[PDB]
Amino acid sequence: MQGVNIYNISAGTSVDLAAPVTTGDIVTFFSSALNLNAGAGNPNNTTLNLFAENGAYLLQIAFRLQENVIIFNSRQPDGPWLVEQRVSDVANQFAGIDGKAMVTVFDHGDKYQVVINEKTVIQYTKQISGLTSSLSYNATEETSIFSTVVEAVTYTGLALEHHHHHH
Amino acid sequence: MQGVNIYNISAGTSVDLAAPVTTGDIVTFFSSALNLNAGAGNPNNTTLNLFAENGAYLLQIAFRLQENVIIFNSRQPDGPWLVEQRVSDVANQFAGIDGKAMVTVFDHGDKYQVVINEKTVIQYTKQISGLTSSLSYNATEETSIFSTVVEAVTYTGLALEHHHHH
Ligand SMILES: OC[C@H]1O[C@@H](O[C@H]2[C@H](O)[C@@H](O)[C@H](O)O[C@@H]2CO)[C@H](O)[C@@H](O)[C@H]1O
Ligand SMILES: OC[C@H]1O[C@@H](O[C@H]2[C@H](O)[C@@H](O)[C@H](O)O[C@@H]2CO)[C@H](O)[C@@H](O)[C@H]1O
């Protein structure tokens, strides 16, 4: 059945989900601040990650102000970072809303749709499949583009399909 | 296409959705405050409403501190309120989180599942069916349990049509 779980993630920490995020599920990270002028990343200012039980980075959303880009990538816990998908102009993706923001990730089975506020910035074809068992928000107090603590809200058990058969 | 929409709603106003909420979709109201000591409503302290395209009150979630109850109901805009569904102990529903709150409504087609924070408060069997085309948040400045402005986020286009060819 459908359920809502709330997690308050401090910068530099991660949490295990009470209910895994799977195909048809949604997770939204809410930030109470938007620091588009934060310190220089190294090279990341902020990273939002969806982890598989084996620690694989199912999806990482990395924000880089200096390089002015949002990187989407995946990799096994002991494997190399895979093919990066980039979105230029970090500020433009958040335009329209200041002092706060939200990043939503839809798990569509074959792809991860990421939406910054109301704007879909990418339909990311998965490079690694599997259910998300933990989330993380990594950054330092001085260079994060988001608030010290980011609230993650997962909407699980959502999957709804209408099967139409033909022959 | 699945999509997220954000609407800031001031107490006593309503908003027209850019994308309607239908079966399988979600709408969550976020409050930057929680005032469970706001006093008696008139009779409601706060009401969250989902309106169908034809103007009907698909669902009203009404909080009453003096009655210590949450009332769920429906009605036609020119008609009488229908059969009230009640859930007692308002505080218990928001237990665990202070200074803020979220109310989530899942549209399951035949029923609306209301969730306060992480707790499912009710599986409301619909008295009126249809797609939600607008929302409203009514309350006064002094007696609302939520912040002056509530932020509603909709997740739409979620149901999927899966064709199989044999
Ligand atoms: O791909 C995510 C991953 O990127 C690393 O930095 C990459 C850099 O983006 C790429 O252009 C370069 O060729 O290789 C670097 C890694 O050696 C980040 O260091 C890492 O934290 C992730 O963000
Ligand atoms: O049902 C929501 C609706 O309730 C109205 O008040 C009701 C009251 O709760 C009920 O016990 C009584 O029998 O009828 C009243 C209506 O005549 C509120 O006035 C209305 O705003 C909604 O909150």
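Reminder, nothing fancy here: chain letters follow the sequence lines and each chain counts from 1.
- Ring geometry for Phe30(B) against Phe30(A) counts as tilted: the plane angle lies between 30° and 60°, on a 0 to 90° scale.
- Proximity of a side-chain donor or acceptor of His162(B) to a complementary backbone N or O of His162(A) within less than 3.5 Å is not detected.
- Residues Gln2(A) and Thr104(B) fail the side-chain proximity criterion, which asks for heavy atoms closer than 4.5 Å.
- Counting heavy atoms from C-beta outward, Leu160(A) and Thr23(B) have side chains that approach closer than 4.5 Å.
- The environment of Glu141(A) atom CD is sparse: at most 12 non-hydrogen atoms of other residues, nucleotides or ligands sit within 6.0 angstrom.
- Nearest heavy-atom pair across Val4(B) and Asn117(A) is CG1-O, 3.5 Å.
- Both the backbone and the side chain of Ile6(A) have a heavy atom closer than 4.5 Å to some heavy atom of chain B.
- Other residues, nucleotides and ligands place no more than 12 heavy atoms under 6.0 Å from the NE2 atom of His167(A).
- At a 4.5 Å heavy-atom cutoff, the contact between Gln113(A) and chain B is made by side-chain atoms alone.
- When the shell of 6.0 Å around NZ of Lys100(A) is examined, it contains 12 or fewer heavy atoms from other residues, nucleotides or ligands.
- Atom CG of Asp110(A) sits in a crowded spot, with more than 12 heavy atoms from other residues, nucleotides or ligands closer than 6.0 Å.
- With chain B as partner, the option from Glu161(A), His108(A), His165(A), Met102(A) having the largest number of non-hydrogen pairs under 4.5 angstrom is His165(A).
- Note on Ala159(B), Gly3(B), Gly96(B), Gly24(B): by heavy-atom pairs under 4.5 Å with chain A, the leading option is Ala159(B).
- Inter-residue side-chain proximity for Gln123(B) and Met1(A) is flagged as met; some heavy-atom pair is nearer than 4.5 Å.
- Residue with the most contacts toward chain A among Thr120(B), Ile97(B), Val115(B), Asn5(B): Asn5(B) (heavy-atom pairs, distance under 4.5 Å).
- Sparse packing is recorded around CD of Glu53(B), with 12 or fewer heavy atoms of other residues, nucleotides or ligands lying under 6.0 Å away.
- Side-chain contact check for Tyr155(B) and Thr28(A): at least one donor-acceptor pair (N or O, by modelled atom type) lies under 3.5 Å.
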